[PDB]
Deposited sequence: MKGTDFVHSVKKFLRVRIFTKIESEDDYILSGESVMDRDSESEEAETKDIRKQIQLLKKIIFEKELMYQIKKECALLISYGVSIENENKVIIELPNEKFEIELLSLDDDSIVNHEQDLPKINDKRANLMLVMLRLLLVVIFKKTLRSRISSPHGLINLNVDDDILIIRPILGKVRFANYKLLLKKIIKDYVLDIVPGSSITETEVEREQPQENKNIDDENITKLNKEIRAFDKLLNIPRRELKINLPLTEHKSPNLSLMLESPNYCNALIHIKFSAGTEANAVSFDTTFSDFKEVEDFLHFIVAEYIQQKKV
């Protein structure tokens, strides 16, 4: 009992009193010579998982990720919070977020496995020698998972902004989002998780009514290059070859996208 610890993740939900959270979900923890090896391997593995996560979280201190206890990290989101804790079986029926806590848990482990695949590949192919790794670069565990959520939030606000500044102003308009040596056995295994590790991006195309002289076209693309922040790309062209304009823009701040959307709709889209 000295140190035999596994990790579970619990999810907290914020409520309408708005002051504090409460617990809406929790991941389960399941209970010869090879069997003692098995338990010892699953033990070291999870201790590694918490170690690396703790290291990655150093980068995320600005993004709502707090490292509180040496065995616990808390990830704060507007309507939810996540706790990832490495704990023994002495301390501490189903519910809403149990399923999600279990998924985040399996995903966490899987992310470490991919890290293992990468180090090994890094060793197989290039070095004739030893690995080289960066926390910022190849250690991604929290970022890919958390990023999926933060992006969804970001995409929500963006659509709100678009409704206000554009959809409500110009009557016919609407919006449509669109999807943007032989080690090969290894690359195929890692490629399979590109789904989880790809930097998130969606393109929001704004449909505008066709003026009979010219057809204006506007679209925005949202992306999270470092997984936790947002970039907004706006392209506008309403060509009349006498009046023809083209804008290609990039913004890190929703405040400026409102100002630029306003500018655009004002001059070019409005009657």
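Residues of the deposited sequence lacking C-alpha coordinates fall in the stretches 1 to 7, 39 to 48, 110 to 117, 206 to 218, 310 to 312, numbered from 1.
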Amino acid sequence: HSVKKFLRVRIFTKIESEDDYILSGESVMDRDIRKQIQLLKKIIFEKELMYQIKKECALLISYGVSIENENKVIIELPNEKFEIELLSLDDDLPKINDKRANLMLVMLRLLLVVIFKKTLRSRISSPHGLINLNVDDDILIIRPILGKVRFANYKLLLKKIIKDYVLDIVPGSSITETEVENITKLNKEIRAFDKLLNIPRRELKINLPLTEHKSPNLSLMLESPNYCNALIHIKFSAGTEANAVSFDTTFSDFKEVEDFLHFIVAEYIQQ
From here on, numbers count along this sequence of modelled residues.
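When the two stretches 181 to 189 and 194 to 202 are set side by side, the higher mean Cα temperature factor goes to 181 to 189.
Note on 239 to 247 vs 226 to 234: mean CA B-factor is higher in 239 to 247. For the set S173, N153, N71, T176, the maximum C-alpha B-factor listed in the entry falls on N71. Split the chain's modelled residues into thirds by C-alpha temperature factor. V257 is in the middle one. Sort the modelled residues of the chain by CA B factor and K118 lands in the middle third. In the PDB entry, a CA B factor belonging to the lowest third of its chain's modelled residues is recorded for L218. Remark: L7 belongs to the middle third of its chain, ranked by C-alpha B-factor as recorded.
Among the modelled residues of its chain, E56 has a C-alpha B-factor that falls in the lowest third according to the deposited record.
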